[PDB]
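J.: In the entry's author numbering, the protein residues as written are 1316 to 1434.
No residue lacks a Cβ here, since even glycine has one placed at the ideal position from N, Cα and C.
Starting off with a structure, shown below.
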Ligand SMILES: Cc1noc(N)c1C
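Shown next as structure tokens:
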């Protein structure tokens, strides 16, 4: 029933994501010099360094807000791909499966703890 435990759990999950070779395209903001019409297609850029900085600054209140920003990394990649068979989009689908597998217990434990706090 620890209401604060999600934050270190998310720190540890982000460390595992940075070690994954599949995170390479997503570790820093998309480079506009490489992809000059990126902002014609994507309204809200997001990347894993921005998620980690937001967590370490104390600017997430819950693991649901961190999960919304990580899901936006993967939705942006789907929207910007020219094909469902592309290399950067194929790395985004494997990394999304790994993330969803690990975030599920973090969300459940936090939501259970808040329900106990409010009982
Ligand atoms: C850049 C970039 N971001 O996502 C994809 N799918 C590409 C290409």
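Say yes only if the C-beta of residue 1390 is nearer than 7 Å to one or more non-hydrogen atoms of ligand 1, and no if none qualify.
T.: no
J.: Are there three or more Cβ pairs, one per stretch, closer than 8 Å when the segment 1366-1374 is compared with the segment 1335-1354?
T.: In short, these stretches do not touch, since the Cβ pair count stays below three.
J.: Determine the extent of the alpha helix (DSSP H) in which residue 1379 is found, giving its start and end residues.
T.: Segment 1378-1395, the alpha helix (DSSP H) holding residue 1379.
J.: Is residue 1378 near ligand 1, in the sense that its beta carbon is under 7 Å from a heavy atom of that ligand?
T.: no
J.: Let me know the secondary structure DSSP gives residue 1415 once reduced to three states.
T.: helix
J.: Run through DSSP, which three-state label would residue 1430 get?
T.: helix
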